[PDB]
S.K.: 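One structure coming up, written as structure tokens, with questions to follow.
These values consider heavy atoms only, across backbone and side chains, with no hydrogens, waters or symmetry-generated copies. Lettering of chains follows the sequences in order, A, B, ..., and the numbering in each one begins at 1.
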Amino acid sequence: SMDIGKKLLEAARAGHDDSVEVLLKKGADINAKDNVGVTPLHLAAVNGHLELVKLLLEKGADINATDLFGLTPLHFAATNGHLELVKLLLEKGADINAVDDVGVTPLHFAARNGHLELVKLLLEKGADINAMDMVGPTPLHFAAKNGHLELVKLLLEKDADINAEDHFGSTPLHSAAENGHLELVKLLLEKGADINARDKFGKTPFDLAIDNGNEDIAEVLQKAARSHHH
Amino acid sequence: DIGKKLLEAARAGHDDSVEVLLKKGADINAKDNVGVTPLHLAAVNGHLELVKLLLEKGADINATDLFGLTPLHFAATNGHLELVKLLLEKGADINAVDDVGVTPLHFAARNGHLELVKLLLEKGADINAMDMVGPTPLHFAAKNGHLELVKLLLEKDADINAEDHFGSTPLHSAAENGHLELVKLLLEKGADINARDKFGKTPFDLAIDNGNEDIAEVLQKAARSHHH
């Protein structure tokens, strides 16, 4: 009659801190888990409730706990861009280079969602800017696929390989072309991106732009390829 | 020479320069290497009065460049609403298609311009363009994380399960690009989580392949919720 764990989980999932503390006082398991192995700390991390995280951490919750797919609280906090929560977690034991079951690091997630400042912070505290799972998508790949311009500038300025390959031979210029990000394509061309690169199936960025219905981008790629009078 | 100077003048908004060059006898329908006209450039840059001028001075409103794009396409791409109204009111075709079947609505959706999409739909645009053979407006909005715009399109009966040429559905696109809240939304509205693309991959598979473990978790919870 007393499944207190799922109640605590639901309170953490919905930001209701007072209920979480009441249940904790009554003696709810601070390390309770849902079906995918997610703990209240994981949820406090995604929702960005800092003080709740402090409380859980001091009351004994495990900071390097991994859910079923190998995600840590740091991963989730990084996904939602909560800077001070990231700082706190780092300052009390979390591994900055933690890896999930497919080789993805927190920096990857910060890059994917366009959190520029958090990326700067992670890089200054030792994150690997060219972290591929072994060979997989790089942070720059993630930034390029989702159109995050300033972040691309930052990563390139911190010497990310502008021509790195993922598992399918794709470059960042491929990703940007496939998603129809015009200003980003211009930026990558301006910084020396390889316009003739072919993926594992022989496709150029131009080919992908056509395949995905982005004909303005395709235009730009064609002028880029042919612009030399003599 | 006069053609390129007229082109650069249109591309840079200098209207007085445009009329001087026209009087000097520049072809009002001149074309660069990708077939783009001064009207095209005025359209992409959102120079309304210039567009009115060129239109009064004889410019062709339905001219197509090298890939079949019209002035309306560029205006829709860059979100210039009032310019779109003006073009529509003097002859422009609302459902024009370029060489791969993409319409102005596709581009307005891809770039997240909510009001302009609302307007295009009010003026007769086809919400299900290339349904079930190629990318639809919903594909484009979903691939780039535009939540509100996806809500709008679904409310006006966009096909939530349409497949593009590679068998991909919108839920595929959202999963592979890691748009979490959009995946949740698509799940709530009946997207098929067991849909398989041309390579047999489900949205869950794509999420794994693209290093998106949070999206995969949500898909796992849905999958085990309705084991039906």
Side-chain angles (χ1 to χ4, degrees), chain A residues 182 213-224 226-227 229, chain B residues 1-108 110-111 113 115-126 129:
Chain A
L182 181 63
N214 303 313
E215 304 217 87
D216 43 348
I217 279 65
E219 266 182 36
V220 172
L221 287 169
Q222 175 147 127
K223 284 173 123 204
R226 289 174 190 191
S227 65
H229 174 288
Chain B
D1 192 330
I2 207 80
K4 325 178 61 176
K5 263 80 177 130
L6 169 73
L7 289 172
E8 311 172 40
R11 170 161 23 190
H14 303 333
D15 295 357
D16 56 327
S17 295
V18 162
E19 309 194 31
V20 172
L21 292 159
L22 284 172
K23 294 207 154 302
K24 198 169 295 301
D27 180 15
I28 200 168
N29 294 318
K31 280 171 179 294
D32 65 19
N33 291 347
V34 297
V36 153
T37 67
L39 188 53
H40 283 99
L41 297 169
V44 47
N45 283 126
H47 298 322
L48 187 86
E49 299 304 321
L50 185 52
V51 165
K52 304 196 180 145
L53 188 154
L54 293 166
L55 281 178
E56 93 192 17
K57 297 304 162 45
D60 176 22
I61 197 165
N62 281 322
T64 61
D65 69 15
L66 186 57
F67 293 77
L69 293 166
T70 63
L72 190 51
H73 282 103
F74 285 112
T77 302
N78 288 139
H80 310 299
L81 208 146
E82 39 284 59
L83 182 43
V84 164
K85 284 176 148 309
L86 167 77
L87 288 174
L88 284 174
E89 144 189 10
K90 280 154 156 229
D93 182 19
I94 188 84
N95 284 312
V97 281
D98 59 13
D99 292 354
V100 305
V102 169
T103 60
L105 180 63
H106 277 96
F107 283 139
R110 167 171 69 81
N111 291 359
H113 305 304
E115 295 85 349
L116 170 48
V117 165
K118 207 172 283 173
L119 172 84
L120 291 174
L121 292 170
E122 291 167 327
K123 289 285 179 187
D126 188 14

S.K.: Of all the heavy-atom pairs spanning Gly213(A) and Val100(B), show the shortest one and how long it is.
M.R.: CA-CG2, 4.1 Å
S.K.: Please walk me through it: do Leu116(B) and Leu105(B) pass side-chain contact (heavy atoms from CB on, under 4.5 Å)?
M.R.: CA-CA 9 Å; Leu116(B) 170 48; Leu105(B) 180 63; over 6 Å; no
S.K.: Measuring only between side-chain heavy atoms, which start at C-beta, is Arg110(B) closer than 4.5 Å to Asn214(A)?
M.R.: yes
S.K.: Apply the test side-chain contact (heavy atoms from CB on, under 4.5 Å) to residues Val102(B) and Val97(B): give CA-CA distance (whole Å), side-chain angles for both, the deciding distance (0.1 Å), then the verdict.
M.R.: CA-CA 5 Å; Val102(B) 169; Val97(B) 281; over 6 Å; no
S.K.: Please examine the side chains of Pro71(B) and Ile61(B), heavy atoms only from C-beta on, and report whether any two atoms are closer than 4.5 Å.
M.R.: no
S.K.: Strictly distance-based, threshold 3.5 Å: is any side-chain N or O of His73(B) a donor or acceptor partner for the main-chain N or O of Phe107(B)?
M.R.: no
S.K.: Just verifying a value: how many Å separate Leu66(B) CG and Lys31(B) NZ, rounded to the nearest 0.5 Å?
M.R.: 9.0 Å
S.K.: Might you point out which heavy atoms bring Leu7(B) and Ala30(B) nearest each other, and give the distance in Å?
M.R.: CD2-O, 4.2 Å
S.K.: Answer yes or no: is there a side-chain heavy-atom contact under 4.5 Å between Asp32(B) and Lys223(A)?
M.R.: yes
S.K.: State, yes or no, whether a side-chain contact exists between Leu6(B) and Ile2(B) at a heavy-atom distance under 4.5 Å.
M.R.: no
S.K.: Give a yes or no on whether the backbone of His80(B) and the side-chain of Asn78(B) come within a donor-acceptor separation of less than 3.5 Å.
M.R.: no
S.K.: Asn62(B) and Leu72(B): side-chain contact (heavy atoms from CB on, under 4.5 Å), yes or no, with the steps?
M.R.: CA-CA 8 Å; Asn62(B) 281 322; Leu72(B) 190 51; over 6 Å; no
S.K.: State, yes or no, whether a side-chain contact exists between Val36(B) and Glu219(A) at a heavy-atom distance under 4.5 Å.
M.R.: yes
S.K.: Can you measure from NZ (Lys4(B)) to CG (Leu21(B)) and round to the nearest 0.5 angstrom?
M.R.: 14.0 Å
S.K.: Check the surroundings of atom CG in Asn33(B): do more than 12 heavy atoms from other residues, nucleotides or ligands lie under 6.0 Å from it?
M.R.: no
S.K.: Spell out, as yes or no, whether a donor-acceptor pair under 3.5 Å connects the side chain of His40(B) to the backbone of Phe74(B).
M.R.: no
S.K.: Within the side chain of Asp98(B), is there an N or O that forms a donor-acceptor pair under 3.5 Å with the backbone of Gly101(B)?
M.R.: yes
S.K.: Tell me, with the steps shown, if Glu19(B) and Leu53(B) meet side-chain contact (heavy atoms from CB on, under 4.5 Å).
M.R.: CA-CA 9 Å; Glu19(B) 309 194 31; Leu53(B) 188 154; 3.1 Å; yes
S.K.: Just how far is it from atom NZ of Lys52(B) to atom CD of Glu49(B), taken to the nearest 0.5 Å?
M.R.: 3.5 Å
S.K.: Considering non-hydrogen atoms only, spot the tightest contact between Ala59(B) and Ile28(B) and give its length.
M.R.: N-CD1, 3.8 Å
S.K.: Find the distance between OG (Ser17(B)) and NZ (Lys5(B)) and round it off to the nearest 0.5 Å.
M.R.: 11.5 Å
S.K.: With no hydrogens and no angle check, is any side-chain donor or acceptor of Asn95(B) less than 3.5 Å from a backbone partner on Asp126(B)?
M.R.: yes
S.K.: Can you check whether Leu22(B) reaches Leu54(B) side chain to side chain, under 4.5 Å on heavy atoms?
M.R.: yes
S.K.: Please name the pair of heavy atoms, one in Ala108(B) and one in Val117(B), separated by the smallest distance, quoted to 0.1 Å.
M.R.: CB-CG2, 3.7 Å
S.K.: Within a strict 4.5 Å, meaning less than it, do heavy atoms of the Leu69(B) and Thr64(B) side chains meet?
M.R.: no
S.K.: Would you say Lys57(B) has more than 12 foreign heavy atoms packed within less than 6.0 Å of its NZ?
M.R.: yes
